[PDB]
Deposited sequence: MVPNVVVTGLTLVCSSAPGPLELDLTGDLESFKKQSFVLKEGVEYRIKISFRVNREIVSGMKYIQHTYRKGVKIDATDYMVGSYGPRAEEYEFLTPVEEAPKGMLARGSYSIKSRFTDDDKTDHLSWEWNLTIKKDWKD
């Protein structure tokens, strides 16, 4: 009944951030310039899965301004939830770069299996809130 692969959540790891930046998968405000990593949480319940891949399409006011592909790897079943972390990123800085961004995320693997496709927003401001 429960799928073999289940994406549990997307988290924005940010030390300076004053509060939670979590998204349970079962908008985000980021102060310009700050460093962060995207942490995708998932579970492999029964079988080995290979070539896990995180895909991200960043949109601005309806138009694609960027696409990036992250290789997650191969995992075997286990009770502990898995934690994928992208490399450290820096939120753009500048009045021209501030504003909201739409993100289309996709967790896939060697099948092209749509384990989960979710969408979320990332708003960049001068200060937290």
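Undergrad: Which ranges of the deposited chain go unmodelled, in order along the sequence?
TA: Holes in the chain trace, numbered from 1: 27-35, 139.
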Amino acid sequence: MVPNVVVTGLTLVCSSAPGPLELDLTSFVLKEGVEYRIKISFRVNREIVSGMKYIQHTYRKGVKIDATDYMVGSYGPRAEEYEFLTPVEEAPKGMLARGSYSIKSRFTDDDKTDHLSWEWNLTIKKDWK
From here on, numbers count along this sequence of modelled residues.
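Undergrad: Give the stretch, out of 56-64 and 33-41, with the larger mean C-alpha temperature factor in the deposited entry.
TA: Comparing averages over the C-alpha atoms only gives 56-64.
Undergrad: Considering only modelled residues of the same chain, in which third does the CA B-factor of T108 rank: lowest, middle or highest?
TA: Highest third, going by the recorded CA B-factors of the chain.
Undergrad: Place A97 in the lowest, middle or highest third of its chain's C-alpha B-factors, as listed in the PDB entry.
TA: Ranked within chain, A97 CA B lands in the middle tercile.
Undergrad: Considering only modelled residues of the same chain, in which third does the CA B-factor of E81 rank: lowest, middle or highest?
TA: Bottom third by C-alpha B-factor.
Undergrad: Please say which third, lowest, middle or highest, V2 falls into when its CA temperature factor is compared across its chain.
TA: Ranked within chain, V2 CA B lands in the middle tercile.
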